[PDB]
Asks: 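Next up is a structure, given as structure tokens.
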Amino acid sequence: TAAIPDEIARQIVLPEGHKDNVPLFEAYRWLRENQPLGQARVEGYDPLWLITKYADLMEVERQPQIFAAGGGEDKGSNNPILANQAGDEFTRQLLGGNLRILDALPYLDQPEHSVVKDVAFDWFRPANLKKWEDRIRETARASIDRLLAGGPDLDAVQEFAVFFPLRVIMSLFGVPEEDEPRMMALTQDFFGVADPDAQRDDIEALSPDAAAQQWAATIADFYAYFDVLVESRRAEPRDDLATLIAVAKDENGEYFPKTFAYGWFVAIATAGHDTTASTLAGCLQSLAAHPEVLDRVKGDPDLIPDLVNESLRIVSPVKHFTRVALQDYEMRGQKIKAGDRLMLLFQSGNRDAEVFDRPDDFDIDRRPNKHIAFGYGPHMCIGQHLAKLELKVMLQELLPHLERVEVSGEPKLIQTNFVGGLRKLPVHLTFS
Ligand code: HEM
């Protein structure tokens, strides 16, 4: 019944707690072993049930009519992405009483979620992504050509891994190549709201609501860009993902509101490349630590999907979404009350020893690899098949050209409790 101890709670709830993976993962582990379902009561935050166990993540996510993302019929009464209390008060002042700052899938509950998700569900299915594999492979090869040209010493993140997923999604999306640097800068603002090296110049960095001001400012910049793209594609449809979303109409034959397209576009333009870049950089970091794995996958390229799955489980770059209980609910001997918020800790589920043998080991021979890096339930990642295709294609093209990865300098993580991973990985590569 006791609250989670304050230093364990702060490690997971505060963005500064994610600056270093070692103490973060040790806090997840302490909970899984000692207090698998407790309430964090951190100053400045709402109370949060920390969902640390793999089984519990599935139990919550498969019951959306009990555990809502956006607050159910009171739309926007829950923020699916954890802000501090001051930040949710800023957003309620800006929007007028609610937190639904985007019409993107994470903010929506059924049945609205289901109607909106169906606009793009088919596009993202594996069979419908096959048509893009040759373009993806040509982009991977061009990126590898630049890696070989630039020599063996680099930041494997900012000087390699960020570019391939950005070019892939912008080409599929239909954003011109010259607009990639703007999308990259806005993505850093969006995922960097609480990172001290990613502060926008136009917000008060030290305000109690700074992250929420940065979130809102970045969304307004994306809206200005995507208004022009939606109007362009409605006027002249093209064979791109922008068009599919921009022209979408509801059951009454009316366009979905423009902000619904903007919501898809914000998710595509941010998660559509950043998570893949994080997983690729993480995989390279793990191949430096486990050179015998690089040797094995070069010897058997059919192991590449297994390498991708284990990189997803270990990196788990999307750390959480929040839920709110619409009714009282008993789980694991605890009484969640109506109105209580939950924090779904996907990285912790991915280290659950009840599911994974030696869960901190990098082991590509987990078959099946039961990871929950893409979440679960109706909100399960829509982009998962595109991410796994891009990572497979890039590793098929890259690994034959790598004999060894050495980390030659200090890795840096994005300081976030949301969408994180490496921002810097200094390497020395040995090419074949
Ligand atoms: C390594 C790559 C990725 C990882 C690990 C990842 C992980 C996740 C996770 C954990 C969730 C939340 C699921 C839940 O609420 O249960 C999610 C949601 C989502 N992801 Fe992915 N993602 C990846 C790539 C992508 C890509 C490539 C796209 C788009 C092209 C994308 C678009 C989305 C969207 C739109 C949502 C919201 C779904 C909803 O609420 O219904 N993701 N992702």
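We use all heavy atoms of the structure for the numbers below, so side chains are in, but hydrogens, waters and symmetry mates are not. Position 1 is the first residue of the sequence, and the numbers go up from there. Just follow the structure's listing: the first ligand is 1, and inside any ligand the first atom is 1.
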Asks: Just jot down the ligand 1 atoms closer than 4.0 angstrom to any heavy atom of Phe124, in number order.
Replies: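 Atoms satisfying the 4.0 Å criterion: 30 (C).
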Asks: Assess the side chains of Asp240 and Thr243: does a donor N or O sit below 3.5 Å from an acceptor N or O?
Replies: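 Yes, side-chain donor-acceptor contact under 3.5 Å.
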Asks: Determine, using heavy atoms of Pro317 and all atoms of ligand 1, whether some pair is separated by less than 4.0 Å.
Replies: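 It does; at least one heavy atom falls under 4.0 Å.
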Asks: About how many Å separate CD1 of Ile314 and OG of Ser316, when rounded to the nearest 0.5 Å?
Replies: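 Result: 7.5 Å between the selected atoms.
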Asks: For ligand 1, which atoms have a heavy atom of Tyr376 less than 4.0 angstrom away?
Replies: 16 (O)
Asks: For ligand 1, which atoms have a heavy atom of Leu312 less than 4.0 angstrom away?
Replies: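 Once the distances to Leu312 are compared, the set is 1 (C).
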Asks: With rounding to the nearest 0.5 Å, note down the distance linking OG1 in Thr259 to CZ in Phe265.
Replies: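 The CZ atom of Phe265 is 12.0 Å from OG1 of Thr259, to the nearest 0.5 Å.
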Asks: What's the spacing between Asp56 CG and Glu59 CD if we round to 0.5 Å?
Replies: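 The CD atom of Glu59 is 6.0 Å from CG of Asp56, to the nearest 0.5 Å.
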Asks: Which pairs pass salt bridge (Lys or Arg N to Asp or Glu O under 4.0 Å) with one or both residues in residues 388-398, sequence neighbours excluded?
Replies: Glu133-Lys392, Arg137-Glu397, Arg141-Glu397
Asks: Using a distance-only test with no angle check, is there a side-chain donor-acceptor pair under 3.5 angstrom linking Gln415 and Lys19?
Replies: no
Asks: If you measure only the distance, is there a donor-acceptor pair under 3.5 Å linking the side chains of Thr187 and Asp274?
Replies: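 Short answer, no.
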Asks: Would one find an N or O of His113, backbone or side chain, under 3.5 Å from an N or O of ligand 1?
Replies: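 Indeed, backbone or side chain, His113 has an N or O that close.
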Asks: Would you verify that at least one protein heavy atom lies under 4.0 Å from atom 36 (C) of ligand 1, or report that none does?
Replies: no
Asks: Taking side chain to side chain contact (heavy atoms under 4.5 Å, CB included) as the criterion, tell me which of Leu386, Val308, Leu307 meets it with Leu391.
Replies: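 Only match with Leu391 under side chain to side chain contact (heavy atoms under 4.5 Å, CB included): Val308.
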Asks: Considering only the protein, which heavy-atom contact is closest to atom 10 (C) of ligand 1, and what is its distance?
Replies: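 Ranked first by proximity to atom 10 (C) of ligand 1 is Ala373 O, 3.2 Å.
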Asks: With no hydrogens and no angle check, do the side chains of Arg341 and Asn78 hold a donor and an acceptor under 3.5 Å apart?
Replies: yes
Asks: For ligand 1, find out whether one of its N or O atoms is nearer than 3.5 Å to an N or O atom of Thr279.
Replies: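 Looking only at distances, the answer is no, because the N/O contact criterion of under 3.5 Å is not met.
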Asks: Against heavy atoms of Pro106, which atoms of ligand 1 measure under 4.0 Å?
Replies: 37 (C), 40 (O)
Asks: Can you label the angle between the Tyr329 ring and the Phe67 ring as parallel, tilted or perpendicular, going by 30° and 60°?
Replies: perpendicular
Asks: For atom 21 (Fe) of ligand 1, state how many protein N, O or S atoms fall inside a distance shorter than 2.8 Å.
Replies: 1
Asks: What I want to know is whether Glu61 and ligand 1 share at least one N or O pair that is separated by under 3.5 angstrom.
Replies: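 Yes, there is a polar N/O contact under 3.5 Å.
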Asks: Please confirm whether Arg146 makes a cation-pi placement over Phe163, using NZ or CZ under 6.0 Å from the six-membered ring centre and within 45° of the ring normal.
Replies: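 No, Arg146 does not lie over the aromatic ring of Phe163.
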Asks: I'd like to check whether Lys117 has a polar contact with ligand 1, where a contact means an N/O of the residue lying under 3.5 Å from an N/O of the ligand.
Replies: no
Asks: Could you identify the single nearest non-hydrogen protein atom to atom 13 (C) of ligand 1 and state the distance to 0.1 Å?
Replies: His379 O, 3.2 Å
Asks: Any idea which atoms of ligand 1 are less than 4.0 Å away from a heavy-atom of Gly272?
Replies: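 Per the distance check, 26 (C), 27 (C), 28 (C), 29 (C), 30 (C).
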Asks: Could you tell me the separation between the NZ atom of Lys117 and the CG atom of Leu105, rounded to the nearest 0.5 Å?
Replies: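 Here the rounded value is 7.0 Å.
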Asks: Determine whether the side chains of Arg167 and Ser143 contain a donor N or O and an acceptor N or O closer than 3.5 Å.
Replies: no
Asks: Applying a strict 4.0 Å limit to heavy atoms, is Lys319 in contact with ligand 1?
Replies: no
Asks: Residue-level breakdown please: for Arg323 versus ligand 1, do any non-hydrogen atoms fall below 4.0 Å on the side chain, on the backbone, on both, or on neither?
Replies: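 Answer for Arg323: side chain.
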Asks: Could you tell me whether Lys319 sits above the aromatic face of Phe418, with NZ or CZ closer than 6.0 angstrom to the six-membered ring centre and within 45 degrees of the axis?
Replies: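 The answer is no, since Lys319 fails at least one limit relative to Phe418.
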Asks: Find all atoms of ligand 1 within a distance of less than 4.0 Å from any non-hydrogen atom belonging to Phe321, and give their numbers and elements.
Replies: 11 (C), 12 (C), 15 (O)
